[PDB]
Every structure is written in C-alpha cells, then in structure tokens.
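Structure record follows, encoded as structure tokens.
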Amino acid sequence: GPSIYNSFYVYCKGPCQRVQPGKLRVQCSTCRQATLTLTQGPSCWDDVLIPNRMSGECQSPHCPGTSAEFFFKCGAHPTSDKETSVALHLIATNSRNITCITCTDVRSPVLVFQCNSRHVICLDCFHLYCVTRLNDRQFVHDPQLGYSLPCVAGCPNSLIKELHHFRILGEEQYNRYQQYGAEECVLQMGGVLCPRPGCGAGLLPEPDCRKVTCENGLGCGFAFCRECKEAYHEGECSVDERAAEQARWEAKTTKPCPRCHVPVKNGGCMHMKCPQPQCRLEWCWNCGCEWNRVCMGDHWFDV
Amino acid sequence: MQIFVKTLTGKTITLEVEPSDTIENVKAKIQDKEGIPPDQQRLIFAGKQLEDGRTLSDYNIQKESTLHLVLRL
Ligand SMILES: [Zn+2]
Ligand SMILES: [Zn+2]
Ligand SMILES: [Zn+2]
Ligand SMILES: [Zn+2]
Ligand SMILES: [Zn+2]
Ligand SMILES: [Zn+2]
Ligand SMILES: [Zn+2]
Ligand SMILES: [Zn+2]
C-alpha cells in the first residue's frame with residue numbers, strides 16, 4: 001500500500017483551526033478539470049507554487065491547455081473540491097533529524113528558513129520567535145512584501161515571503177499581526193492614525209500638511225497636528241552559533257526497482273520509472289509501491 | 001466567498017467576493033456599499049498595501065479572511 005508519510009503542510013481554517021498535513025492536487029489551468037497529464041512531476045516547491053510553471057497536455061478535446069495548476073487541501077477530513085487551504089511551504093517533515101536552532105532538539109515538522117544556510121527551526125520555537133517579535137514591534141515592514149520576519153539567526157535575504165506562515169501565531173496573535181501590520185504600514189508610509197481614543201482610524205494626509213481632519217461619514221471626526229498629535233494649532237509644537245551550525249537543512253543515491261531490480265533519483269520527485277523495457281514500472285521512492293493517488297497527494301515530491 | 005474589511009476603528013464591513021476579484025474590483029465593491037471612492041481607498045493585507053492589478057488569489061487571501069482599509073485625504 002501507500003505509506004502515510006506526508007511532506008505537505010497547510011493551515012485548515014475549519015474545523016481544525018490549526019496546521020495539519022496537506023493533500024496536493026492538480027488540474028488543467030484552462031478547464032480547471034483533472035485532465036492535465038504532466039510532462040514531468042514536480043520536484044521542488046517552486047513547481048507547485050509558480051503558476052504556469054509546470055507543463056503538460058489537457059486530455060479534454062475542448063481545452064488548448066498546456067499548463068498545470070496546483071492546489072492544496074487538508075489531510076485530516078473529507079475535503080470538498082472547493083476547500084483549498086493555504087500551503088505553508090517552509091514547513092517540512094524532519095526526515096533528516098535536525099535541531100531547532102532555538103531549542104536544540106530533534107522535532108518534526110520544522111520550518112526551514114530561506115536564509116543562505118537553509119536554517120531549521122521547529123514550529124514551537126518559531127511560535128515564540130513570532131510572539132516576542134510581533135508584540136515588540138520588531139517585525140520588518142518592507143512595503144513591497146508586507147509585515148514579516150527574517151531568519152531567527154538574522155541571516156540576510158531570508159524574509160518570509162509567504163506571509164500566511166504567520167498563522168503559527170494562533171488566531172488571536174495572527175489577528176493582531178494583521179492589525180499590527182496595517183498600523184505599521186500607515187506609520188512608515190508617513191501616514192498617521194487617529195490620536196483620539198477609540199478611533200485609531202488610519203489616515204494618509206497630504207504629504208506636506210500639519211492639519212489632519214479625521215474624516216460616507218466614517219471619520220473621527222477630529223482635527224489634529226501631524227507632528228505633536230494635538231488639536232491643530234497655529235502655534236508651535238511640543239542565537240547560539242553552534243546551534244546554527246547543527247541546524248542547517250544541508251549539514252540516498254540509487255535504489256533498485258521492485259521488479260527489474262536495476263538501480264535507479266529525479267531531484268525530489270518521488271515518482272520513479274523502471275528504465276528496463278520489460279519492466280517500465282512507476283514506483284514511489286518512499287512508499288515503495290506502484291505510483292498511486294495517495295502517494296501523489298501525500299508526497300509527490302520531497303524536500 | 002465572503003471577506004471582512006476592517007478599518008482600524010474596528011468598523012467591519014462584509015463583502016461578497018470571489019478569488020478572481022482584483023483589488024480594483026474589491027475597492028469598487030466597497031464603493032457600492034459604503035460609498036468611499038476607490039481613489040480614497042487603500043487596502044492592506046498581511047501588512048502590504050494591496051495593488052489594484054492583483055487578485056485575492058494572488059495574495060492568497062482565504063475565505064473569511066480580513067482586509068484593512070485606510071483612507072487617503
Ligand atoms: Zn484540516
Ligand atoms: Zn483543460
Ligand atoms: Zn524548538
Ligand atoms: Zn539562517
Ligand atoms: Zn479618527
Ligand atoms: Zn503641534
Ligand atoms: Zn523494474
Ligand atoms: Zn509514496
């Protein structure tokens with residue numbers, strides 16, 4: 001049968017309201033039907049995230065479709081065809097048995113940062129990392145990305161791109177992150193929030209204007225100084241270094257086929273094809289069985 | 001699907017959208033309800049000001065997720 005190993009994790013909103021293992025699915029990007037026959041199965045995450053990146057031929061005669069669309073669903077309940085969960089692509093099963101950079105324990109699953117060393121942190125530590133940082137307003141605001149965090153180790157060029165990873169905050173803290181991000185967005189834009197208590201309504205005034213009226217009738221509505229934040233006046237204002245080494249995601253070769261028993265791996269693509277002509281079998285590298293639906297859904301590829 | 005547009009006042013508006021809806025469409029939908037011209041609307045999600053020519057799916061904005069509205073004067 002197909003092993004119950006999974007490589008893909010999503011966030012279920014209902015009813016799991018937590019991070020669960022995910023199912024990978026595919027379709028013709030044109031007909032939105034399950035008719036796309038992939039040229040080569042996905043090997044990296046880039047394949048299942050970057051659109052129109054994977055090519056094939058839609059088997060419907062009506063489609064001119066040549067591109068594959070990848071969606072993810074939960075792996076814990078009967079999922080309707082409509083119930084797509086956001087795939088958190090930094091989370092991976094710790095098959096390699098690496099150490100949370102913060103907590104120096106082998107845990108699974110873990111989040112691998114896109115820092116140059118491909119650092120690994122476990123979800124629990126990552127949680128604490130986000131909780132401290134968020135409330136300490138030490139979340140980065142790149143106007144081109146949004147509110148995010150880099151490598152815990154402070155590695156450069158590591159800012160988390162998929163901002164849905166911050167659902168690891170939990171619903172209360174995530175909702176705050178949504179607020180905190182919007183707040184910080186206005187401030188760093190040079191905009192202001194209402195100084196009046198119970199308002200907090202974000203405003204983007206004229207670039208050079210000290211007089212800001214908080215004003216459909218949806219305003220404060222109150223006028224203030226863009227400087228001292230008073231009623232507008234014509235007057236004057238008033239990580240362990242060692243644990244970072246042992247927490248790198250890169251710190252099996254060939255196996256014989258279950259039939260022709262000749263040694264065969266294509267990147268991370270777990271879909272193997274026996275090269276011998278009297279064999280020509282499709283087999284899973286992990287499960288070990290004949291390439292099937294569950295294997296596709298659980299771990300088409302591995303990290 | 002349905003999304004919530006929350007102003008920092010706490011003011012929440014309920015909108016009927018689809019993943020294919022562009023931010024431009026979303027803003028027009030807000031104008032249809034509240035009456036705020038799209039020209040005065042600045043929508044933020046995940047702490048990024050959302051661009052008009054991107055769809056909710058592009059921003060991975062999920063069913064019953066929450067957008068933020070900030071006004072330009
Ligand atoms: Zn679930
Ligand atoms: Zn098609
Ligand atoms: Zn940990
Ligand atoms: Zn790092
Ligand atoms: Zn106000
Ligand atoms: Zn002043
Ligand atoms: Zn064989
Ligand atoms: Zn398998």
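Ordered as shown in the structure tokens, chains take letters A, B, and onward, while each chain numbers its residues from 1 and ligands are numbered from 1 in the order shown.
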
| field | Expected answer as number ranges by chain: helix (DSSP H, G or I) residues in segment 1-37 of chain B | value | B: 23-33

Output of the above residues as an mmCIF file, in the first residue's frame, restricted to C-alpha atoms:
```
data_model
loop_
_atom_site.group_PDB
_atom_site.id
_atom_site.type_symbol
_atom_site.label_atom_id
_atom_site.label_comp_id
_atom_site.auth_asym_id
_atom_site.auth_seq_id
_atom_site.Cartn_x
_atom_site.Cartn_y
_atom_site.Cartn_z
ATOM 1 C CA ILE B 23 -8.262 44.621 -5.609
ATOM 2 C CA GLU B 24 -9.618 47.193 -8.091
ATOM 3 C CA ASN B 25 -12.908 45.254 -8.134
ATOM 4 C CA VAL B 26 -12.842 44.905 -4.342
ATOM 5 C CA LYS B 27 -12.487 48.679 -3.944
ATOM 6 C CA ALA B 28 -15.394 49.202 -6.360
ATOM 7 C CA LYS B 29 -17.430 46.759 -4.256
ATOM 8 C CA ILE B 30 -16.633 48.848 -1.164
ATOM 9 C CA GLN B 31 -17.774 51.974 -3.037
ATOM 10 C CA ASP B 32 -21.033 50.182 -3.888
ATOM 11 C CA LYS B 33 -21.711 49.604 -0.192
#
```

| query | If you count only C-alpha atoms, which residues fall within 9 Å of residue 207 of chain A, apart from same-chain ones fewer than 3 positions away, as a PyMOL selection string? | reply | chain A and resi 190-191+204

| query | Can you tell me which residues sit at most 9 Å away from ligand 1, counting only C-alpha atoms and all ligand atoms, written as a ChimeraX atom specification? | reply | /A:10-22,73-79,85

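Around ligand 2, the neighbouring residues within 10 Å, taking only C-alpha atoms and all ligand atoms, come to residues 27, 28, 29, 30, 31, 32, 33, 34, 35, 36, 37, 57, 58, 59, 60, 61, 62, 63, 64, 65, 66, 67 and 68 of chain A.
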
| task | Please identify the residues whose atoms come within 10 Å of ligand 4, using only C-alpha atoms and all ligand atoms, and report them as an MDAnalysis selection string. | result | chainID A and resid 101 112:121 150:158 244:245 247:248

Can you write just those residues out, N, CA, C and O atoms, as a tab-separated table (two decimals), in the first residue's frame?
```
chain	number	residue	atom	x	y	z
A	101	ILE	N	16.91	25.53	15.99
A	101	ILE	CA	18.04	26.42	16.21
A	101	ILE	C	17.92	27.07	17.59
A	101	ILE	O	18.92	27.34	18.23
A	112	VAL	N	11.94	25.51	7.66
A	112	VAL	CA	13.24	25.81	7.09
A	112	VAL	C	13.20	27.20	6.47
A	112	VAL	O	12.40	27.46	5.57
A	113	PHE	N	14.05	28.09	7.00
A	113	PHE	CA	14.20	29.45	6.52
A	113	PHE	C	14.92	29.45	5.18
A	113	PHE	O	15.68	28.53	4.87
A	114	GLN	N	14.68	30.50	4.39
A	114	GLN	CA	15.26	30.61	3.07
A	114	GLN	C	16.60	31.34	3.14
A	114	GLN	O	17.14	31.76	2.11
A	115	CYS	N	17.14	31.47	4.35
A	115	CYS	CA	18.46	32.05	4.54
A	115	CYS	C	19.50	31.18	3.82
A	115	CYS	O	19.22	30.03	3.48
A	116	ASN	N	20.69	31.74	3.60
A	116	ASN	CA	21.71	31.14	2.76
A	116	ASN	C	22.13	29.77	3.28
A	116	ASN	O	22.65	28.96	2.51
A	117	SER	N	21.90	29.51	4.57
A	117	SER	CA	22.34	28.26	5.19
A	117	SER	C	21.19	27.25	5.28
A	117	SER	O	21.38	26.15	5.78
A	118	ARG	N	20.01	27.65	4.77
A	118	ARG	CA	18.76	26.91	4.92
A	118	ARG	C	18.64	26.37	6.34
A	118	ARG	O	18.74	25.16	6.58
A	119	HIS	N	18.42	27.30	7.28
A	119	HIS	CA	18.31	27.02	8.71
A	119	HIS	C	16.99	26.34	9.03
A	119	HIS	O	15.99	26.60	8.37
A	120	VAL	N	17.00	25.51	10.07
A	120	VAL	CA	15.80	24.83	10.50
A	120	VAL	C	15.45	25.30	11.91
A	120	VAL	O	16.32	25.38	12.78
A	121	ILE	N	14.17	25.64	12.10
A	121	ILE	CA	13.60	25.87	13.41
A	121	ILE	C	12.32	25.04	13.51
A	121	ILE	O	11.65	24.81	12.50
A	150	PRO	N	12.77	37.89	9.17
A	150	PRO	CA	13.82	37.09	8.54
A	150	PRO	C	14.23	35.88	9.36
A	150	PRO	O	13.53	35.49	10.30
A	151	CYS	N	15.37	35.28	8.99
A	151	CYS	CA	15.98	34.20	9.73
A	151	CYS	C	16.14	34.64	11.18
A	151	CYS	O	16.55	35.77	11.45
A	152	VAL	N	15.79	33.74	12.12
A	152	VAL	CA	15.94	33.99	13.54
A	152	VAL	C	17.40	34.36	13.80
A	152	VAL	O	17.68	35.27	14.58
A	153	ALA	N	18.30	33.65	13.11
A	153	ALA	CA	19.74	33.84	13.23
A	153	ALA	C	20.18	35.17	12.61
A	153	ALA	O	21.34	35.53	12.69
A	154	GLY	N	19.23	35.88	11.99
A	154	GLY	CA	19.49	37.20	11.44
A	154	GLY	C	20.17	37.15	10.08
A	154	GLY	O	20.66	38.18	9.60
A	155	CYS	N	20.20	35.96	9.47
A	155	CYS	CA	20.72	35.79	8.12
A	155	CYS	C	20.11	36.84	7.20
A	155	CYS	O	18.98	37.27	7.42
A	156	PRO	N	20.83	37.30	6.15
A	156	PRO	CA	20.28	38.24	5.18
A	156	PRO	C	19.56	37.57	4.01
A	156	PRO	O	19.91	36.46	3.62
A	157	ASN	N	18.57	38.29	3.45
A	157	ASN	CA	17.79	37.87	2.30
A	157	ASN	C	16.93	36.65	2.66
A	157	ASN	O	16.81	35.72	1.86
A	158	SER	N	16.33	36.67	3.85
A	158	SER	CA	15.65	35.48	4.35
A	158	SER	C	14.21	35.78	4.76
A	158	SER	O	13.48	34.87	5.14
A	244	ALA	N	23.34	26.96	15.34
A	244	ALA	CA	23.07	27.42	13.99
A	244	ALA	C	23.77	26.51	12.97
A	244	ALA	O	23.27	26.33	11.86
A	245	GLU	N	24.92	25.95	13.37
A	245	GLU	CA	25.68	25.04	12.52
A	245	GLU	C	24.97	23.69	12.44
A	245	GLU	O	24.90	23.09	11.37
A	247	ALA	N	21.91	23.21	12.79
A	247	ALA	CA	20.54	23.47	12.39
A	247	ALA	C	20.49	23.95	10.94
A	247	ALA	O	19.81	24.92	10.62
A	248	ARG	N	21.23	23.25	10.08
A	248	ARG	CA	21.21	23.52	8.65
A	248	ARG	C	20.61	22.31	7.93
A	248	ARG	O	20.99	21.18	8.22
```

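With the cut-off set to 9 Å and only C-alpha atoms counted, chain B residues close to chain A are residues 7, 8, 9, 10, 11, 34, 35, 36, 44, 45, 46, 47, 48, 49, 60, 61, 62, 63, 66, 67, 68, 69, 70, 71, 72 and 73 of chain B.
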
| task | May I ask you to write as an MDAnalysis selection string all residues lying at most 9 Å from ligand 3, with only C-alpha atoms and all ligand atoms counted? | result | chainID A and resid 99:107 110 121:128

May I have the selected residues written with N, CA, C and O atoms, as a compact mmCIF listing (two decimals), in the first residue's frame?
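out18.txt was written with the following content:
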```txt
# COMPACT_ATOMS: atom_id res chain seq x y z
N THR A 99 18.07 19.98 14.26
CA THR A 99 17.84 20.55 15.57
C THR A 99 17.28 21.97 15.44
O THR A 99 17.91 22.83 14.83
N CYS A 100 16.11 22.18 16.04
CA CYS A 100 15.59 23.52 16.27
C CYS A 100 16.75 24.41 16.69
O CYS A 100 17.51 24.07 17.59
N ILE A 101 16.91 25.53 15.99
CA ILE A 101 18.04 26.42 16.21
C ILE A 101 17.92 27.07 17.59
O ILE A 101 18.92 27.34 18.23
N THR A 102 16.67 27.28 18.03
CA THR A 102 16.40 27.91 19.31
C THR A 102 16.48 26.88 20.43
O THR A 102 16.98 27.18 21.51
N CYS A 103 16.01 25.65 20.17
CA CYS A 103 15.77 24.74 21.28
C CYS A 103 16.65 23.48 21.23
O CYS A 103 16.60 22.68 22.16
N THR A 104 17.41 23.30 20.15
CA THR A 104 18.44 22.27 20.05
C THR A 104 17.88 20.87 20.32
O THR A 104 18.56 20.03 20.92
N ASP A 105 16.65 20.62 19.86
CA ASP A 105 16.04 19.31 19.94
C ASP A 105 15.61 18.87 18.54
O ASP A 105 15.32 19.70 17.69
N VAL A 106 15.57 17.55 18.33
CA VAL A 106 15.00 17.00 17.11
C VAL A 106 13.49 17.00 17.27
O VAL A 106 12.94 16.27 18.10
N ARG A 107 12.82 17.86 16.50
CA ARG A 107 11.37 17.91 16.46
C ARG A 107 10.92 17.81 15.00
O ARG A 107 11.75 17.97 14.10
N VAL A 110 9.27 20.86 11.01
CA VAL A 110 10.09 22.04 11.25
C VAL A 110 9.87 23.05 10.13
O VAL A 110 9.37 22.71 9.07
N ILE A 121 14.17 25.64 12.10
CA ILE A 121 13.60 25.87 13.41
C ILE A 121 12.32 25.04 13.51
O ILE A 121 11.65 24.81 12.50
N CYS A 122 12.01 24.56 14.72
CA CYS A 122 10.77 23.84 14.93
C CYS A 122 9.64 24.85 15.13
O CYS A 122 9.91 26.03 15.38
N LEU A 123 8.40 24.38 14.99
CA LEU A 123 7.24 25.26 14.92
C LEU A 123 6.99 25.94 16.26
O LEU A 123 6.52 27.07 16.31
N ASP A 124 7.33 25.23 17.35
CA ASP A 124 7.13 25.71 18.71
C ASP A 124 8.02 26.92 18.96
O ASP A 124 7.55 27.94 19.46
N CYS A 125 9.31 26.79 18.62
CA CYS A 125 10.26 27.87 18.78
C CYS A 125 9.90 29.02 17.84
O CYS A 125 9.93 30.19 18.25
N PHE A 126 9.55 28.67 16.60
CA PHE A 126 9.13 29.65 15.62
C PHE A 126 7.98 30.48 16.18
O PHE A 126 7.94 31.69 16.00
N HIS A 127 7.05 29.80 16.88
CA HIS A 127 5.92 30.46 17.51
C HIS A 127 6.42 31.54 18.47
O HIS A 127 5.99 32.68 18.39
N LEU A 128 7.34 31.15 19.36
CA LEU A 128 7.87 32.05 20.38
C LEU A 128 8.59 33.21 19.70
O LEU A 128 8.48 34.35 20.15
```

| field | Selection as a PyMOL selection string: residues within 12 Å of ligand 7 by only C-alpha atoms and all ligand atoms | value | chain A and resi 255-264+272-284+288-290

Would you save the residues of that selection, restricted to C-alpha atoms, as a PDB file, in the first residue's frame?
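Now in selection_19.pdb:
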```pdb
ATOM      1  CA  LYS A 255      17.854   2.124  -5.104  1.00  0.00           C
ATOM      2  CA  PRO A 256      16.774  -0.966  -7.143  1.00  0.00           C
ATOM      3  CA  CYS A 257      13.280  -1.161  -8.637  1.00  0.00           C
ATOM      4  CA  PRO A 258      10.763  -3.644  -7.084  1.00  0.00           C
ATOM      5  CA  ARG A 259      10.776  -5.542 -10.411  1.00  0.00           C
ATOM      6  CA  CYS A 260      13.801  -5.274 -12.757  1.00  0.00           C
ATOM      7  CA  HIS A 261      15.812  -4.752  -9.543  1.00  0.00           C
ATOM      8  CA  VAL A 262      18.137  -2.472 -11.520  1.00  0.00           C
ATOM      9  CA  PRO A 263      19.280   0.676  -9.606  1.00  0.00           C
ATOM     10  CA  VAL A 264      17.534   3.951 -10.468  1.00  0.00           C
ATOM     11  CA  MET A 272      10.311   6.726 -10.304  1.00  0.00           C
ATOM     12  CA  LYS A 273      10.088   4.810 -13.593  1.00  0.00           C
ATOM     13  CA  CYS A 274      11.910   1.494 -14.082  1.00  0.00           C
ATOM     14  CA  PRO A 275      14.232   2.084 -17.093  1.00  0.00           C
ATOM     15  CA  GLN A 276      14.159  -1.569 -18.251  1.00  0.00           C
ATOM     16  CA  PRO A 277      11.718  -2.149 -21.182  1.00  0.00           C
ATOM     17  CA  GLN A 278      10.127  -5.394 -19.946  1.00  0.00           C
ATOM     18  CA  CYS A 279       9.610  -3.628 -16.611  1.00  0.00           C
ATOM     19  CA  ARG A 280       8.779   0.075 -17.116  1.00  0.00           C
ATOM     20  CA  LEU A 281       7.179   0.375 -13.670  1.00  0.00           C
ATOM     21  CA  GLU A 282       6.051   3.551 -11.903  1.00  0.00           C
ATOM     22  CA  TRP A 283       7.062   3.320  -8.243  1.00  0.00           C
ATOM     23  CA  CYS A 284       7.292   5.554  -5.174  1.00  0.00           C
ATOM     24  CA  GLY A 288       7.905   1.618  -2.178  1.00  0.00           C
ATOM     25  CA  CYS A 289       4.703   0.627  -4.005  1.00  0.00           C
ATOM     26  CA  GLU A 290       3.361   1.329  -7.508  1.00  0.00           C
TER      27      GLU A 290
END
```

| query | For ligand 5, which residue out of A:254, A:223, A:70, A:172 is the nearest one, using only C-alpha atoms and all ligand atoms? | reply |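 The closest residue to ligand 5 is A:223.
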